[PDB]
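*Asks:* Structure file target.txt, compact mmCIF, C-alpha atoms and all ligand atoms, is pasted below:
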```txt
# COMPACT_ATOMS: atom_id res chain seq x y z
CA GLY A 1 66.86 -40.47 67.90
CA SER A 2 69.22 -43.30 66.96
CA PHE A 3 67.09 -44.97 64.26
CA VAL A 4 66.87 -42.27 61.60
CA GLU A 5 66.59 -44.88 58.83
CA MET A 6 63.21 -46.00 60.16
CA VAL A 7 61.87 -42.67 61.40
CA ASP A 8 58.88 -41.51 59.31
CA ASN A 9 58.54 -44.82 57.42
CA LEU A 10 54.76 -45.08 57.87
CA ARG A 11 51.87 -43.64 55.88
CA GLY A 12 48.09 -43.74 56.27
CA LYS A 13 45.52 -42.65 58.83
CA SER A 14 43.40 -44.15 61.60
CA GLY A 15 40.35 -44.83 59.46
CA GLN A 16 42.12 -46.82 56.74
CA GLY A 17 45.19 -48.06 58.64
CA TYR A 18 48.91 -47.24 58.80
CA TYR A 19 51.23 -49.12 56.45
CA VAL A 20 54.93 -49.70 55.86
CA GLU A 21 56.64 -50.54 52.57
CA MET A 22 58.08 -54.05 52.24
CA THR A 23 59.43 -56.18 49.41
CA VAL A 24 58.77 -59.85 48.80
CA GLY A 25 60.48 -62.26 46.42
CA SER A 26 63.45 -62.25 44.06
CA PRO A 27 63.68 -59.94 42.30
CA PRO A 28 61.97 -57.81 44.97
CA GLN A 29 58.29 -56.94 44.52
CA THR A 30 57.38 -53.77 46.41
CA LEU A 31 54.11 -53.81 48.38
CA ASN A 32 52.56 -51.56 51.04
CA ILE A 33 51.63 -53.47 54.16
CA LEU A 34 49.17 -52.66 56.96
CA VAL A 35 50.87 -52.71 60.38
CA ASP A 36 48.61 -54.81 62.63
CA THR A 37 49.56 -55.52 66.24
CA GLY A 38 46.12 -57.15 66.55
CA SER A 39 46.81 -60.31 64.51
CA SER A 40 49.68 -62.67 63.65
CA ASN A 41 49.58 -63.53 59.93
CA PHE A 42 51.62 -61.94 57.17
CA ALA A 43 49.44 -62.01 54.07
CA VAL A 44 49.47 -60.16 50.78
CA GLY A 45 47.10 -59.84 47.85
CA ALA A 46 48.21 -62.42 45.28
CA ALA A 47 45.49 -62.05 42.67
CA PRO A 48 43.60 -59.19 40.99
CA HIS A 49 41.08 -57.31 43.13
CA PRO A 50 39.11 -54.10 42.38
CA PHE A 51 40.85 -52.22 45.21
CA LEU A 52 44.42 -53.33 44.40
CA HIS A 53 46.66 -51.82 41.72
CA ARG A 54 49.41 -54.34 42.39
CA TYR A 55 49.84 -57.73 44.04
CA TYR A 56 52.31 -60.54 44.81
CA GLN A 57 53.17 -62.61 41.73
CA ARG A 58 54.63 -65.88 42.99
CA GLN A 59 55.51 -67.16 39.52
CA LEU A 60 57.92 -64.22 39.14
CA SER A 61 59.87 -64.96 42.32
CA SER A 62 62.76 -67.41 42.08
CA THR A 63 62.85 -67.75 45.87
CA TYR A 64 59.15 -68.59 46.25
CA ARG A 65 58.43 -71.91 48.03
CA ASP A 66 54.96 -73.48 47.96
CA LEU A 67 53.85 -74.94 51.32
CA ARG A 68 50.94 -76.73 49.58
CA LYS A 69 48.40 -75.72 52.23
CA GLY A 70 45.38 -73.43 52.39
CA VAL A 71 44.82 -70.77 55.03
CA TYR A 72 41.72 -68.82 56.08
CA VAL A 73 41.50 -65.86 58.45
CA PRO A 74 38.14 -64.46 59.61
CA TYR A 75 38.90 -61.20 61.41
CA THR A 76 36.27 -59.25 63.32
CA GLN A 77 35.88 -56.95 60.27
CA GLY A 78 36.52 -58.97 57.14
CA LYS A 79 38.15 -62.14 55.89
CA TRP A 80 40.49 -63.59 53.29
CA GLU A 81 41.50 -67.03 52.06
CA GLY A 82 44.82 -67.91 50.53
CA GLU A 83 47.69 -70.25 49.88
CA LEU A 84 50.67 -70.65 52.18
CA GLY A 85 54.30 -70.43 51.12
CA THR A 86 57.59 -68.75 52.07
CA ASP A 87 59.83 -66.20 50.36
CA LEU A 88 62.52 -63.61 51.07
CA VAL A 89 61.20 -60.43 52.67
CA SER A 90 62.78 -57.05 53.39
CA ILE A 91 61.71 -53.67 54.75
CA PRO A 92 63.33 -50.87 52.67
CA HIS A 93 63.07 -48.32 55.48
CA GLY A 94 63.83 -50.75 58.26
CA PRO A 95 66.68 -52.95 59.49
CA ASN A 96 69.08 -53.81 56.70
CA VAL A 97 68.35 -57.52 56.75
CA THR A 98 66.47 -60.02 54.58
CA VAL A 99 64.55 -62.93 56.06
CA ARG A 100 62.68 -65.98 54.85
CA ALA A 101 59.15 -65.68 56.16
CA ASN A 102 55.80 -67.38 55.87
CA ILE A 103 53.48 -65.58 53.46
CA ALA A 104 49.77 -66.21 52.91
CA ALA A 105 49.04 -65.41 49.26
CA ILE A 106 45.49 -64.03 49.29
CA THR A 107 43.34 -65.41 46.46
CA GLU A 108 39.88 -64.52 47.78
CA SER A 109 38.67 -61.91 50.24
CA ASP A 110 35.51 -60.31 51.64
CA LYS A 111 35.49 -56.81 53.17
CA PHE A 112 39.23 -57.00 53.83
CA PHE A 113 40.90 -54.67 51.34
CA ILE A 114 39.93 -50.99 51.62
CA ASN A 115 39.32 -48.80 48.56
CA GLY A 116 41.93 -46.05 48.52
CA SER A 117 43.97 -47.22 51.54
CA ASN A 118 47.04 -47.78 49.36
CA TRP A 119 48.02 -51.04 51.10
CA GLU A 120 48.00 -54.50 49.58
CA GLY A 121 48.67 -56.81 52.50
CA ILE A 122 48.81 -57.10 56.29
CA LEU A 123 51.64 -57.62 58.77
CA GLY A 124 50.36 -59.38 61.91
CA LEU A 125 52.87 -58.51 64.60
CA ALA A 126 51.26 -60.43 67.47
CA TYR A 127 52.16 -63.92 68.73
CA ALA A 128 51.93 -67.41 67.22
CA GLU A 129 49.09 -68.50 69.50
CA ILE A 130 46.59 -66.60 67.36
CA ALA A 131 48.18 -67.36 63.98
CA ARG A 132 46.05 -69.31 61.47
CA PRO A 133 45.91 -72.23 60.72
CA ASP A 134 47.58 -72.76 64.10
CA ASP A 135 50.61 -71.78 66.18
CA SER A 136 53.01 -73.79 64.03
CA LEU A 137 52.94 -71.02 61.38
CA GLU A 138 55.74 -68.79 62.61
CA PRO A 139 54.83 -65.05 62.54
CA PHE A 140 57.02 -62.60 60.62
CA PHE A 141 58.59 -60.95 63.65
CA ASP A 142 59.54 -64.27 65.19
CA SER A 143 61.28 -65.21 61.93
CA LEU A 144 63.02 -61.83 61.81
CA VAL A 145 64.42 -62.24 65.31
CA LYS A 146 65.42 -65.89 64.94
CA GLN A 147 67.23 -65.24 61.65
CA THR A 148 69.01 -61.95 62.44
CA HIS A 149 70.53 -59.98 65.31
CA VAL A 150 67.60 -57.55 65.45
CA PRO A 151 66.59 -57.06 69.13
CA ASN A 152 63.22 -58.62 70.08
CA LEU A 153 61.34 -55.32 70.25
CA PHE A 154 59.60 -52.81 67.99
CA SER A 155 57.94 -49.46 68.66
CA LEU A 156 55.18 -47.49 66.99
CA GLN A 157 54.44 -43.82 66.61
CA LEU A 158 51.15 -43.42 64.68
CA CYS A 159 50.60 -39.78 63.67
CA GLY A 160 47.08 -38.53 63.15
CA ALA A 161 47.00 -35.23 61.25
CA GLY A 162 44.25 -33.67 63.35
CA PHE A 163 42.36 -32.82 60.17
CA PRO A 164 41.16 -34.57 57.00
CA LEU A 165 43.73 -35.71 54.43
CA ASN A 166 42.46 -36.07 50.85
CA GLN A 167 43.75 -38.78 48.48
CA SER A 168 46.74 -36.77 47.21
CA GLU A 169 47.61 -35.50 50.68
CA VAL A 170 47.46 -38.88 52.39
CA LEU A 171 49.90 -40.27 49.81
CA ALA A 172 52.44 -37.48 50.38
CA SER A 173 52.15 -37.10 54.16
CA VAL A 174 54.28 -38.87 56.78
CA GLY A 175 52.01 -41.03 58.93
CA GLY A 176 54.42 -42.05 61.63
CA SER A 177 57.22 -44.46 62.45
CA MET A 178 57.74 -48.15 63.07
CA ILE A 179 61.14 -48.66 64.68
CA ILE A 180 62.18 -52.29 64.30
CA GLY A 181 64.54 -53.44 67.04
CA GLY A 182 64.66 -50.31 69.15
CA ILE A 183 63.36 -47.14 70.73
CA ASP A 184 63.94 -43.75 69.10
CA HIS A 185 63.90 -41.02 71.74
CA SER A 186 62.96 -38.23 69.31
CA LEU A 187 59.46 -39.69 68.92
CA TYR A 188 58.24 -38.94 72.45
CA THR A 189 58.46 -36.50 75.33
CA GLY A 190 58.50 -37.26 79.04
CA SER A 191 59.06 -40.71 80.48
CA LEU A 192 58.13 -44.17 79.22
CA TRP A 193 55.90 -46.19 81.56
CA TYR A 194 55.54 -49.95 81.16
CA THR A 195 52.61 -52.28 81.68
CA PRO A 196 53.07 -56.07 81.64
CA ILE A 197 52.02 -58.13 78.63
CA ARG A 198 49.59 -60.40 80.51
CA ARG A 199 49.86 -63.33 78.09
CA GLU A 200 51.60 -63.67 74.75
CA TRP A 201 48.90 -64.17 72.12
CA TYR A 202 47.42 -60.71 71.42
CA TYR A 203 49.37 -57.92 73.06
CA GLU A 204 47.12 -58.27 76.10
CA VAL A 205 47.20 -55.76 78.96
CA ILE A 206 45.18 -55.03 82.10
CA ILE A 207 43.26 -51.78 82.71
CA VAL A 208 42.70 -51.15 86.43
CA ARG A 209 40.80 -47.86 86.54
CA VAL A 210 39.01 -45.56 84.12
CA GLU A 211 38.32 -41.83 84.52
CA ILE A 212 36.34 -39.31 82.46
CA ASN A 213 37.68 -35.82 83.31
CA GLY A 214 39.08 -37.25 86.54
CA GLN A 215 35.77 -38.81 87.57
CA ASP A 216 36.02 -42.53 88.33
CA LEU A 217 33.79 -44.59 86.01
CA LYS A 218 33.47 -46.70 89.16
CA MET A 219 33.06 -50.17 87.69
CA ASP A 220 34.49 -53.47 88.94
CA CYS A 221 37.84 -53.32 87.13
CA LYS A 222 37.17 -56.82 85.81
CA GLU A 223 34.56 -55.27 83.50
CA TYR A 224 37.24 -53.17 81.77
CA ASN A 225 39.03 -56.35 80.64
CA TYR A 226 36.07 -58.58 79.78
CA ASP A 227 37.02 -60.78 78.14
CA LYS A 228 40.44 -59.25 77.41
CA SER A 229 42.09 -55.88 76.67
CA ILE A 230 44.51 -55.56 73.72
CA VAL A 231 46.66 -52.90 71.97
CA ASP A 232 45.60 -53.05 68.30
CA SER A 233 46.92 -50.81 65.49
CA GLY A 234 44.70 -52.79 63.12
CA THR A 235 41.45 -51.34 64.50
CA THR A 236 40.52 -47.66 64.21
CA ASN A 237 38.44 -47.09 67.34
CA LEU A 238 38.84 -47.48 71.04
CA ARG A 239 36.37 -50.36 71.40
CA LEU A 240 34.89 -51.07 74.83
CA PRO A 241 32.98 -54.01 76.37
CA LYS A 242 29.20 -53.37 76.19
CA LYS A 243 28.67 -52.34 79.82
CA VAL A 244 31.80 -50.16 79.90
CA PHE A 245 30.80 -48.52 76.62
CA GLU A 246 27.34 -47.70 78.01
CA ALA A 247 28.82 -46.19 81.18
CA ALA A 248 31.54 -44.30 79.28
CA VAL A 249 29.10 -42.77 76.80
CA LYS A 250 26.76 -41.75 79.61
CA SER A 251 29.63 -39.97 81.37
CA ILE A 252 31.07 -38.39 78.22
CA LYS A 253 27.56 -37.11 77.38
CA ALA A 254 27.20 -35.65 80.88
CA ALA A 255 30.58 -33.91 80.62
CA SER A 256 29.75 -32.44 77.18
CA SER A 257 26.13 -31.63 78.07
CA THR A 258 26.37 -27.96 77.03
CA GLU A 259 25.88 -29.25 73.47
CA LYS A 260 23.45 -31.97 72.38
CA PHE A 261 24.47 -34.49 69.74
CA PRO A 262 22.26 -36.94 67.78
CA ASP A 263 22.21 -40.64 68.69
CA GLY A 264 23.86 -41.41 65.37
CA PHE A 265 26.92 -39.49 66.56
CA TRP A 266 27.31 -41.52 69.74
CA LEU A 267 26.81 -44.71 67.72
CA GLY A 268 29.91 -43.67 65.76
CA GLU A 269 27.96 -43.56 62.50
CA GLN A 270 27.31 -39.92 61.72
CA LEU A 271 29.66 -36.98 61.75
CA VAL A 272 29.19 -33.67 63.53
CA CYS A 273 30.54 -30.45 62.10
CA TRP A 274 31.47 -27.00 63.37
CA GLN A 275 32.34 -23.80 61.53
CA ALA A 276 36.05 -23.78 60.58
CA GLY A 277 38.28 -23.55 63.65
CA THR A 278 35.44 -23.49 66.19
CA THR A 279 35.48 -27.12 67.34
CA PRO A 280 34.63 -26.89 71.09
CA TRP A 281 37.39 -29.21 72.30
CA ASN A 282 37.03 -27.83 75.84
CA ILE A 283 33.50 -29.13 76.39
CA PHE A 284 34.63 -32.71 75.74
CA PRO A 285 36.36 -34.60 78.59
CA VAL A 286 39.78 -36.19 78.67
CA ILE A 287 39.80 -39.96 79.18
CA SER A 288 42.31 -41.70 81.42
CA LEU A 289 43.07 -45.41 81.36
CA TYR A 290 45.10 -46.69 84.31
CA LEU A 291 47.22 -49.71 83.46
CA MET A 292 48.96 -52.25 85.70
CA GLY A 293 52.53 -51.22 86.43
CA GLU A 294 55.67 -53.33 86.56
CA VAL A 295 56.04 -52.90 90.33
CA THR A 296 53.69 -54.58 92.81
CA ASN A 297 50.66 -52.47 93.78
CA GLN A 298 51.67 -49.73 91.36
CA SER A 299 49.83 -48.41 88.29
CA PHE A 300 50.17 -45.52 85.86
CA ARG A 301 47.76 -43.72 83.56
CA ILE A 302 47.59 -42.61 79.95
CA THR A 303 45.30 -39.67 79.23
CA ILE A 304 43.79 -38.97 75.84
CA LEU A 305 42.08 -35.88 74.52
CA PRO A 306 38.99 -35.51 72.36
CA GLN A 307 41.54 -34.65 69.65
CA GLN A 308 42.28 -38.38 69.80
CA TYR A 309 38.81 -39.90 70.22
CA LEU A 310 37.05 -37.57 67.75
CA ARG A 311 38.25 -38.67 64.29
CA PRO A 312 38.59 -36.01 61.57
CA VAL A 313 36.52 -36.73 58.46
CA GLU A 314 35.74 -34.69 55.36
CA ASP A 315 32.27 -33.15 55.27
CA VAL A 316 29.84 -34.77 52.84
CA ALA A 317 29.72 -31.36 51.16
CA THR A 318 33.51 -30.98 51.26
CA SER A 319 32.76 -27.63 52.92
CA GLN A 320 35.14 -25.59 55.06
CA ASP A 321 33.59 -26.96 58.26
CA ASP A 322 35.71 -29.08 60.61
CA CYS A 323 33.94 -32.41 61.06
CA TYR A 324 34.48 -35.60 63.06
CA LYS A 325 33.09 -38.98 64.00
CA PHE A 326 33.00 -40.34 67.56
CA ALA A 327 35.81 -42.95 67.56
CA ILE A 328 34.70 -45.01 70.56
CA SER A 329 32.35 -47.95 70.02
CA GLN A 330 31.15 -51.10 71.71
CA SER A 331 32.78 -54.49 71.55
CA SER A 332 31.67 -58.02 72.37
CA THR A 333 35.27 -59.27 72.36
CA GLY A 334 36.92 -57.15 75.04
CA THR A 335 38.62 -53.76 75.06
CA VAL A 336 40.49 -52.83 71.89
CA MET A 337 42.91 -49.92 72.21
CA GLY A 338 42.89 -49.00 68.55
CA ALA A 339 44.66 -46.51 66.32
CA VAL A 340 42.94 -43.37 67.62
CA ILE A 341 44.29 -44.18 71.09
CA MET A 342 47.76 -45.13 69.86
CA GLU A 343 47.93 -41.80 67.99
CA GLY A 344 48.38 -40.04 71.30
CA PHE A 345 51.42 -42.05 72.33
CA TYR A 346 54.71 -43.64 71.32
CA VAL A 347 54.10 -47.33 72.07
CA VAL A 348 56.94 -49.75 72.76
CA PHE A 349 56.25 -53.44 72.21
CA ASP A 350 59.06 -54.86 74.36
CA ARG A 351 58.61 -58.55 73.58
CA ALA A 352 61.99 -59.38 75.12
CA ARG A 353 60.84 -58.17 78.54
CA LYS A 354 57.17 -59.03 78.04
CA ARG A 355 55.99 -55.45 78.50
CA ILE A 356 54.44 -52.56 76.61
CA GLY A 357 55.64 -49.01 77.12
CA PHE A 358 53.71 -45.78 76.69
CA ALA A 359 54.99 -42.22 76.41
CA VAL A 360 53.41 -38.99 75.16
CA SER A 361 53.83 -38.85 71.36
CA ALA A 362 55.83 -36.03 69.83
CA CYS A 363 53.14 -35.98 67.12
CA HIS A 364 49.89 -36.15 69.10
CA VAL A 365 47.25 -33.55 68.30
CA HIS A 366 46.33 -31.15 71.13
CA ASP A 367 45.43 -27.52 71.89
CA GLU A 368 47.02 -24.72 73.92
CA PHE A 369 45.19 -25.76 77.09
CA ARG A 370 45.48 -29.56 77.32
CA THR A 371 47.89 -32.28 76.24
CA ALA A 372 47.82 -36.08 76.28
CA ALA A 373 49.81 -37.51 79.21
CA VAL A 374 51.44 -40.59 80.71
CA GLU A 375 51.79 -40.27 84.46
CA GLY A 376 52.63 -42.35 87.49
CA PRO A 377 52.93 -43.99 89.87
CA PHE A 378 49.66 -44.58 91.71
CA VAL A 379 49.01 -47.02 94.53
CA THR A 380 46.56 -49.64 93.26
CA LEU A 381 45.72 -52.90 95.03
CA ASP A 382 44.59 -56.35 93.84
CA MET A 383 45.26 -55.50 90.20
CA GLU A 384 45.56 -59.18 89.32
CA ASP A 385 41.82 -59.45 90.01
CA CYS A 386 41.16 -56.99 87.20
CA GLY A 387 42.12 -59.65 84.69
CA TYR A 388 39.39 -61.92 83.33
CA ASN A 389 39.41 -65.74 83.36
CA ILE A 390 36.92 -67.74 81.26
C1 LIG B 401 41.72 -50.11 60.19
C2 LIG B 401 40.74 -49.51 59.16
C3 LIG B 401 39.25 -49.51 59.61
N1 LIG B 401 38.81 -50.84 60.10
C4 LIG B 401 38.69 -51.93 59.08
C5 LIG B 401 37.58 -51.64 58.05
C6 LIG B 401 36.24 -51.25 58.70
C7 LIG B 401 38.54 -50.96 61.49
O1 LIG B 401 38.67 -49.99 62.22
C8 LIG B 401 38.12 -52.24 62.11
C9 LIG B 401 36.88 -52.33 62.79
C10 LIG B 401 36.48 -53.54 63.40
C11 LIG B 401 35.15 -53.62 64.12
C12 LIG B 401 37.34 -54.68 63.32
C13 LIG B 401 38.59 -54.60 62.64
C14 LIG B 401 39.47 -55.80 62.57
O2 LIG B 401 39.02 -56.95 62.56
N2 LIG B 401 40.82 -55.55 62.49
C15 LIG B 401 41.83 -56.63 62.39
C16 LIG B 401 42.78 -56.28 61.21
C17 LIG B 401 42.04 -55.87 59.95
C18 LIG B 401 41.10 -56.74 59.33
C19 LIG B 401 40.42 -56.32 58.17
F1 LIG B 401 39.54 -57.15 57.60
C20 LIG B 401 40.64 -55.06 57.58
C21 LIG B 401 41.58 -54.21 58.21
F2 LIG B 401 41.82 -53.01 57.68
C22 LIG B 401 42.28 -54.59 59.38
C23 LIG B 401 42.62 -56.81 63.71
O3 LIG B 401 43.54 -57.87 63.54
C24 LIG B 401 41.74 -57.16 64.94
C25 LIG B 401 40.91 -58.46 64.81
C26 LIG B 401 41.06 -59.16 66.18
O4 LIG B 401 42.05 -60.21 66.18
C27 LIG B 401 41.86 -61.34 65.37
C28 LIG B 401 40.59 -61.92 65.01
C29 LIG B 401 40.55 -63.06 64.18
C30 LIG B 401 41.75 -63.63 63.69
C31 LIG B 401 43.00 -63.06 64.04
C32 LIG B 401 43.05 -61.92 64.87
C33 LIG B 401 41.63 -58.06 67.06
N3 LIG B 401 42.55 -57.36 66.15
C34 LIG B 401 38.97 -53.38 62.05
```
If you took the structure in this file and wrote it as C-alpha cells, what would it be?
Ligand SMILES: CCCN(CCC)C(=O)c1cc(C)cc(C(=O)N[C@@H](Cc2cc(F)cc(F)c2)[C@H](O)[C@H]2C[C@@H](Oc3ccccc3)CN2)c1
*Replies:*
Amino acid sequence: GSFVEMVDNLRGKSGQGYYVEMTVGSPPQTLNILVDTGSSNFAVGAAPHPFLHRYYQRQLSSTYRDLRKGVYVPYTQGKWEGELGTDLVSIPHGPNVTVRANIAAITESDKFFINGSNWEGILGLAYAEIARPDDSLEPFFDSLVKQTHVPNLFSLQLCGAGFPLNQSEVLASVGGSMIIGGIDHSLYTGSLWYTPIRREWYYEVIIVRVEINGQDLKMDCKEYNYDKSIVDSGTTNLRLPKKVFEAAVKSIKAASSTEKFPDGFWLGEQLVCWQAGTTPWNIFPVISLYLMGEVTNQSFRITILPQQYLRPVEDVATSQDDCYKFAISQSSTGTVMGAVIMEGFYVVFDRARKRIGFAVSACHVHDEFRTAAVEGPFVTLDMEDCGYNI
C-alpha cells in the first residue's frame, strides 16, 4: 500500500452512507461529507437543520465567492435546494492539495439529511452531464484534477462490519478508504478486473449475465441494464429493474427454500433474526454479476455472498439475536450497484482510462466456507447488445 495517508479515511455504514472529512473556506471549516459516486454535485448544509450539529457558514469564510444563482437537486430519495458559490476545499486525510471548487450551500431540504449519520454534505463524484443546474457546473473531482497534479482516478474500499454498530461504535470504527489519485494494493487480494465505463455521466457499466448459485437467471441481457446500470456508493441496496428483481427474488427464494421468510422480508422492509451466531449463511445463494471486459468477446464476474446482500441491523428489542434486512430491492431507473455490493470489493474508478476495476476486498465479510470473488475471463458474445438505448 503506497497511500497510507488516505488508508482508513472513511467512516459510516451501508444504511446511512460512508463519509470522508473535508474542510471548506478560510479559515477551514471541518465537515463530514457523504461519498457519492451516484451524483455530481458537491453540496453542504449551510443553515440550521434538526439533524445537523454543524454547517457551512459562508459569512465566516474570506475566500467565499457568491455565484448569485440557485440550485435544486431532486435525487431518487430526497432533495435539497441551495445557493451556488465557490470556496477553497481540502481533504485532511487525502492528497495534500487545496482547490477552488463549486459548492452548493443547502438552505432547504426534504428527506436528504439522515438523523445520526454524522455527515453534513455530499460529494458527487460522477460526471458533469448529470450535474445540476447543468453540465457547466464543474464537479469537484474535475476541479481537483484540472488544478493539481493528482492523477485522474480514485478508488473505494467500503467496509461493512458484518454486524450492527451502535452510535458510539460507528463513530469510532474505520469504515473504509477513499484513495484519491491512486490504487493501494493493501486493500484487496487477487487480481483487478476492469469493465468499460459505457458513457461518462453516471459511472455506467454493462452487466452481461447473472447467476444465482451458478444458475443462469436466463434473461435477455438487455433486461439487466434497463434503462442503465450504475456503480453507486450513495445508495444502500443492490437495486434491480422490476423484471430482473422479480426473477432474482424467485430464484433466491428457491435456493433458500429450506426456510420460509415473510413477504415483508423480501420487500426489504422487515428484518429477520436468528439466535446469536446461528445465521444460516449456507442456505442463501451467492450472486454473480458478469460484466463486460476490456477485451473483445471477454467478460469477468464478481460474486457476492449473503454476508453482502443481507444487511446487519439491530433487533427492535436490542436482543442478542443476529438480525438483517434483505438489501436487494426493485428499481424503475435501472440497476444500481449500491453500497452493500461495493462492500465486497475494492472498486477502482479509473476515469483516465474510462474503466472501473473490481477486486476482492481485504475487508469483505465472509465465512470459513465461501468468499466473495472476482474471476475471469469468460467468452461472451454480442455484449454490446446488452446495453440499452432509449
Ligand atoms: C445511503 C443511505 C440510505 N439511502 C438514503 C436514505 C433512504 C439509500 O439507500 C437510498 C435509497 C434510494 C431508493 C435512493 C437513494 C438516492 O437517491 N441516493 C442518491 C444520493 C443520496 C440522496 C439522498 F437524498 C440521501 C442520501 F443519503 C444519498 C444517489 O445520488 C443516487 C440518485 C441517482 O442519481 C441522481 C438522481 C437525481 C439527480 C442526480 C443524481 C442515482 N444515484 C438512496
*Asks:* Around ligand LIG 401 (chain B), out to 8 Å and counting all atoms listed in the file, which residues are there? I want them as a PyMOL selection string.
*Replies:* chain A and resi 14-18+34+36-41+73-80+110-114+122+124+130-132+202+230+232-237+331+336+338-339
*Asks:* Tell me, counting only C-alpha atoms, for each residue of region 77-182 of chain A within 10 Å of region 341-344 of chain A, which pair of atoms is nearest and how far apart they are in Å to one decimal, in rows ordered by chain and increasing number, as CSV.
*Replies:*
```
residue,atom,partner,partner_atom,distance
A:156,CA,A:342,CA,8.3
A:157,CA,A:343,CA,7.0
A:158,CA,A:343,CA,4.9
A:159,CA,A:343,CA,5.5
A:160,CA,A:343,CA,5.9
A:161,CA,A:343,CA,9.5
A:175,CA,A:343,CA,10.0
A:176,CA,A:343,CA,9.1
```
*Asks:* Go ahead and compute the interatomic distance for CA of residue 108 (chain A) and CA of residue 71 (chain A), in Å to one decimal.
*Replies:* 10.8 Å
*Asks:* Identify which of the residues A:282, A:155, A:102, A:333 lies closest to residue 138 (chain A), counting only C-alpha atoms when measuring atom-to-atom distances.
*Replies:*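 Result for the nearest residue to residue 138 (chain A): A:102.
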*Asks:* I'd like the box whose edges run along x, y and z of the file and which contains every listed atom of region 13-17 of chain A, padded by 3 Å per side; could you state its centre and edge lengths in Å, one decimal, as AutoDock Vina command-line options?
*Replies:*
```
--center_x 42.9 --center_y -45.4 --center_z 59.2 --size_x 11.2 --size_y 11.4 --size_z 10.9
```
*Asks:* At a cut-off of 7 Å, can you tabulate as a tab-separated table every residue of region 235-353 of chain A near region 373-379 of chain A together with its closest atom pair and the distance in Å to one decimal, using only C-alpha atoms and ordering rows by chain then number?
*Replies:*
```
residue	atom	partner	partner_atom	distance
A:297	CA	A:379	CA	5.7
A:298	CA	A:379	CA	4.9
A:299	CA	A:378	CA	5.1
A:300	CA	A:376	CA	4.3
A:301	CA	A:375	CA	5.4
A:302	CA	A:374	CA	4.4
A:303	CA	A:373	CA	5.0
```
*Asks:* Go through A:162, A:151, A:116, A:92 one by one, measure the shortest atom-to-atom distance of each to residue 277 (chain A) using all atoms listed in the file, and give the residue with the smallest value.
*Replies:* A:162
*Asks:* How many Å separate CA of residue 134 (chain A) from CA of residue 337 (chain A)?
*Replies:* 24.7 Å
*Asks:* Write out as an mmCIF file with C-alpha atoms, keeping the file's coordinate frame each polymer residue whose atoms come within 10 Å of region 309-315 of chain A, counting only C-alpha atoms; drop sequence neighbours fewer than 2 positions from it.
*Replies:*
```
data_model
loop_
_atom_site.group_PDB
_atom_site.id
_atom_site.type_symbol
_atom_site.label_atom_id
_atom_site.label_comp_id
_atom_site.auth_asym_id
_atom_site.auth_seq_id
_atom_site.Cartn_x
_atom_site.Cartn_y
_atom_site.Cartn_z
ATOM 1 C CA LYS A 13 45.520 -42.650 58.830
ATOM 2 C CA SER A 14 43.400 -44.150 61.600
ATOM 3 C CA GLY A 15 40.350 -44.830 59.460
ATOM 4 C CA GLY A 160 47.080 -38.530 63.150
ATOM 5 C CA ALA A 161 47.000 -35.230 61.250
ATOM 6 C CA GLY A 162 44.250 -33.670 63.350
ATOM 7 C CA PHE A 163 42.360 -32.820 60.170
ATOM 8 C CA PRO A 164 41.160 -34.570 57.000
ATOM 9 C CA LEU A 165 43.730 -35.710 54.430
ATOM 10 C CA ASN A 166 42.460 -36.070 50.850
ATOM 11 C CA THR A 236 40.520 -47.660 64.210
ATOM 12 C CA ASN A 237 38.440 -47.090 67.340
ATOM 13 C CA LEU A 238 38.840 -47.480 71.040
ATOM 14 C CA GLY A 268 29.910 -43.670 65.760
ATOM 15 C CA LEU A 271 29.660 -36.980 61.750
ATOM 16 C CA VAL A 272 29.190 -33.670 63.530
ATOM 17 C CA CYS A 273 30.540 -30.450 62.100
ATOM 18 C CA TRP A 281 37.390 -29.210 72.300
ATOM 19 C CA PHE A 284 34.630 -32.710 75.740
ATOM 20 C CA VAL A 286 39.780 -36.190 78.670
ATOM 21 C CA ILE A 287 39.800 -39.960 79.180
ATOM 22 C CA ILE A 304 43.790 -38.970 75.840
ATOM 23 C CA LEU A 305 42.080 -35.880 74.520
ATOM 24 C CA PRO A 306 38.990 -35.510 72.360
ATOM 25 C CA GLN A 307 41.540 -34.650 69.650
ATOM 26 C CA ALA A 317 29.720 -31.360 51.160
ATOM 27 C CA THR A 318 33.510 -30.980 51.260
ATOM 28 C CA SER A 319 32.760 -27.630 52.920
ATOM 29 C CA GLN A 320 35.140 -25.590 55.060
ATOM 30 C CA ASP A 321 33.590 -26.960 58.260
ATOM 31 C CA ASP A 322 35.710 -29.080 60.610
ATOM 32 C CA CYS A 323 33.940 -32.410 61.060
ATOM 33 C CA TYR A 324 34.480 -35.600 63.060
ATOM 34 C CA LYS A 325 33.090 -38.980 64.000
ATOM 35 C CA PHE A 326 33.000 -40.340 67.560
ATOM 36 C CA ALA A 327 35.810 -42.950 67.560
ATOM 37 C CA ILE A 328 34.700 -45.010 70.560
ATOM 38 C CA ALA A 339 44.660 -46.510 66.320
ATOM 39 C CA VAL A 340 42.940 -43.370 67.620
ATOM 40 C CA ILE A 341 44.290 -44.180 71.090
ATOM 41 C CA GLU A 343 47.930 -41.800 67.990
ATOM 42 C CA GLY A 344 48.380 -40.040 71.300
#
```
*Asks:* For the point (44.0, -52.2, 96.6) in the file's frame, write as a list in words all residues with an atom no more than 12 Å away, counting all atoms listed in the file.
*Replies:*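 Returned residue set, sorted by chain then number, is residues 208, 209, 221, 292, 296, 297, 298, 299, 378, 379, 380, 381, 382, 383, 384, 385 and 386 of chain A.
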*Asks:* Could you list as a PyMOL selection string every residue that has an atom within 12 Å of (50.3, -65.7, 57.3), using the file's coordinates and counting all atoms listed in the file?
*Replies:* chain A and resi 39-45+67+69-73+80-87+101-106+121-128+130-141+143
*Asks:* Could you work out how far CA of residue 369 (chain A) lies from CA of residue 183 (chain A), giving the answer in Å with one decimal?
*Replies:*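 Answer for the CA of residue 183 (chain A) to CA of residue 369 (chain A) separation: 28.8 Å.
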*Asks:* Out of A:288, A:371, A:167, A:61, which residue has the shortest atom-to-atom distance to residue 207 (chain A) when counting all atoms listed in the file?
*Replies:*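 Of all the options, A:288 lies closest to residue 207 (chain A).
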*Asks:* Skip residue 361 (chain A) itself and residues of its chain fewer than 5 positions away, then list as a PyMOL selection string all residues within 7 Å of it, counting all atoms listed in the file.
*Replies:* chain A and resi 157+187-189+344-346
